[PDB]
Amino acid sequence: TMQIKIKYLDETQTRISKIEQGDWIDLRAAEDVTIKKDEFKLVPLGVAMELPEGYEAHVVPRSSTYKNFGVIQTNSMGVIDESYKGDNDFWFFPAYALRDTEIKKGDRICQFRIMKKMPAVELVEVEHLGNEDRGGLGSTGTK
């Protein structure tokens, strides 16, 4: 219905696809990558996209990314704004390895979806809010 235009780094990239039981779409390593334990690598995903106007993309690991590849995503969740749409605006997955690992070209290491950007807001400075505190950081306990 809405269109995402996708440009691949080259012909050798494995084209991404929606699967029926996957609500997000898996993204793939653009090359083989070796990462040592406790080291970092920006893993190319080999895709550039023009998202629909007013949308952004979010990128997170798969549940199995750690078991299969030994990495976490250092930025937690990546945000790809609609403006990141140029011919050379390729996506990357920021990986920290918790064990020595090999990722192979084409491996499905993360997943993405789109959703609307937040509404327009205006931040208005006040000197006092006049509300009771909720508390946070575990105020409700654990049991």
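Definition used throughout: the rigid core is the maximal C-alpha set that superposes within 1.5 Å between two forms. Residue positions are given as counts along the sequence shown, with the first one as 1.
Trainee: Taking C-alpha RMS after core alignment, which stretch differs more from the shown form in 5 other deposited structures of this protein: 17 to 25, or 120 to 128?
Mentor: Evaluated in 5 other deposited structures of this protein, the stretch farther from the shown form is 17 to 25.
Trainee: State which stretch shows the higher mean Cα B factor in the entry: 19 to 27 or 122 to 130.
Mentor: Stretch with the greater average CA B-factor: 122 to 130.
Trainee: If you take the mean CA temperature factor per stretch, which one wins between 113 to 121 and 54 to 62?
Mentor: It is 113 to 121 that shows the higher mean C-alpha B-factor.
Trainee: From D89, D81, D107, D100, which pick has the Cα B-factor that tops the rest in the entry?
Mentor: Largest recorded C-alpha B-factor: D100.
Trainee: Using the B-factors in the PDB entry, rank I35's C-alpha atom against the chain and give the third, lowest, middle or highest.
Mentor: Answer is middle: the recorded C-alpha B-factor places it there.
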